[PDB]
Amino acid sequence: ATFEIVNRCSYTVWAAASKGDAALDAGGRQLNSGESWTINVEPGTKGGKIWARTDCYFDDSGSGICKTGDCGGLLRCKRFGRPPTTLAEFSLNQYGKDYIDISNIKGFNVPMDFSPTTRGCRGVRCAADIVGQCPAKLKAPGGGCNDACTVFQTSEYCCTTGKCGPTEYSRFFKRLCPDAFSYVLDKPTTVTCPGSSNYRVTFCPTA
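Thresholds, definitions, all that
Residues numbered from 1 in each chain as written, not as in the entry; some residues may be left out. Heavy atoms only, no water. Disulfide = S-S within 2.5 Å. Helix = DSSP H or I, 4+ residues; strand = E, 2+ residues; numbered from the N terminus. Buried < 20%, exposed > 50% of the residue type's maximum accessible area, 1.4 Å probe, protein only. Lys, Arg positive; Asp, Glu negative; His and termini not counted. Salt bridge = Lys/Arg side-chain N within 4 Å of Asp/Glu carboxyl O. Polar contact = N/O pair within 3.5 Å; in protein donor to acceptor, adjacent residues only side chain to side chain. Contact = heavy atoms within 4.5 Å. Pairing = 2+ DSSP bridges. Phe/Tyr/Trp six-rings, centres within 6.5 Å; stacked < 30°, edge-to-face > 60°.

Structure determination for this PDB entry was carried out by X-ray crystallography, with a resolution of 2.6 Å recorded in the header.

Participant: Sorry if this is basic, but what is going on with the state of the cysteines here?
Facilitator: As used here, a disulfide is simply a covalent bond connecting the sulfur atoms of two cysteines. Enumeration according to the criterion identifies eight disulfides in this entry. Covalent S-S linkage joins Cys 9 and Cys 204, the inter-sulfur distance amounting to 2.0 Å. On the sign convention where negative is left-handed, the bridge of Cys 9 and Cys 204, at about 100° about the S-S bond, is right-handed. Taken together, the positions of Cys 9 in the loop between β1 (2-7) and β2 (14-18) and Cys 204 in the segment after β13 (199-203) put the pair 195 residues apart, joining distant regions of the chain. One exposure class covers both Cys 9 and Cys 204, and it is buried. Shown here is the disulfide that connects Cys 149 with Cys 158, its sulfur atoms set 2.1 Å apart. Between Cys 149 and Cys 158, the disulfide has an S-S torsion of 110° and is therefore right-handed. Using a relative accessible area of 15% as the deciding quantity, one classes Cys 158 as buried.

Participant: So what exactly am I meant to see when it comes to the side chain of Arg 53 here?
Facilitator: By the secondary structure assignment, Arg 53 is in strand β5 (residues 48-57). Although buried, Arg 53 forms no salt bridge, and the nearest oppositely charged side chain, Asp 70, lies 5.1 Å from it. Looking at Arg 53, its side chain comes within polar contact range of the main-chain oxygen of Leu 75, at 2.7 Å.

Participant: I'm lost on the environment of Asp 113 in this one. Help?
Facilitator: By the element assignment, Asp 113 lies in strand β9 (residues 112-116). Accessibility expressed as a relative area gives 12% for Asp 113, which makes it buried. Separated by 69 residues in the primary sequence, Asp 113 and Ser 182 have C-alpha atoms spaced 17 Å apart. Beyond its immediate sequence surroundings of up to four residues, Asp 113 is in contact with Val 124, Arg 125, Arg 200, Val 201, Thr 202 and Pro 205. A distance of 3.0 Å separates polar atoms of two side chains, one belonging to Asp 113 and the other to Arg 125.

Participant: Mind showing me how you'd approach the pattern of salt bridges here?
Facilitator: A side chain of one charge can pair with a side chain of the opposite charge when the charged atoms of the two come close. Taken as a whole and assessed by the stated rule, the structure comprises four salt bridges. Note that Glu 4 and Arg 200 form a salt bridge whose closest N and O atoms lie 2.6 Å from each other. Of this pair, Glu 4 sits in strand β1 while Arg 200 sits in strand β13, and the two are 196 residues apart along the sequence.

Participant: Would you mind going over the pairing of β2 with me for this structure?
Facilitator: Walk down a regular strand and you will see the side chains alternate between the two sheet faces. With five of five residues buried, β2 is to be regarded as a mostly interior element. Going residue by residue along β2, you find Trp 14, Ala 16 and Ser 18 tucked away on one face and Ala 15 and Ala 17 tucked away on the opposite face as well. The sheet contact formed by β2 and β5 spans five bridges and is antiparallel. Across the sheet, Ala 15 pairs through a bridge with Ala 52, a residue of β5. Bridging between β2 and strand β3 (residues 23-28) involves two bridges; their strand directions are antiparallel. Bridge pairing links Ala 16 to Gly 28 in β3. Linking β2 back to β3 in an antiparallel pair, the connection comprises four residues, with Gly 20 at a positive phi of about 80°.

Participant: Any chance you could explain the packing of aromatic side chains here in plain terms?
Facilitator: The description of an aromatic ring pair uses the distance of the two centres, along with the angle that the planes make with each other. This structure, assessed with the given rule, holds ten aromatic pairs. When the ring of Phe 3 is compared with that of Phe 114, the centres are 6.2 Å apart and the planes differ by 25°; the resulting orientation is stacked. Residue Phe 3 is located in strand β1, and its partner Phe 114 is located in strand β9; the two are separated by 111 residues in the primary sequence. The exposure class assigned to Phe 114 is buried, which follows from its relative accessible area of 0%. Considering the side-chain rings of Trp 14 and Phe 58, the 5.4 Å spacing of their centres and the 45° angle between planes classify their relative orientation as tilted. Of the two residues, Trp 14 sits in strand β2 while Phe 58 sits in the loop between β5 and β6 (65-68), which places them 44 residues apart along the sequence.

Listed below in structure tokens is the structure:
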């Protein structure tokens, strides 16, 4: 499977890509404005994610920092990212089907489009101006908009039981971004496409 991570943002970003315990394809890139990087994701791959890192410096040694989605300090993300981050997440070939989906459970820090490039199903999207109306207590350290948990690490906000519920915060994201997860116990927003379908990820969708 191929994912086309297109960067439409007016700035530079370091798209990111991990299956959490490892990179997915090349793990990390940097695209300037209007650039795409094409990664081959392994078939049957479970639980990969793609996100975007903001405001960074990495040497000729793949280290450094990013105000957002910093993955243990390194270009080539082999590990998931530091909050706050719009979460592009897929599981492929789990019995004929594929699972695409965007989640704000890890916050928001860049608008995204995750859409199939094949025939089959729908893409999902979360391009509202989150940073723009982020509640000030979610107001982000880097230039994103943090999630309750990353902000209080309280039970409530963290679903630190299993038994959960919605919060005045979870719905800010949900009022804004309905097709994405605003919390764990969130009525899943998954979009089951066809097996082996190819996708396209877009940073700063039409707008």
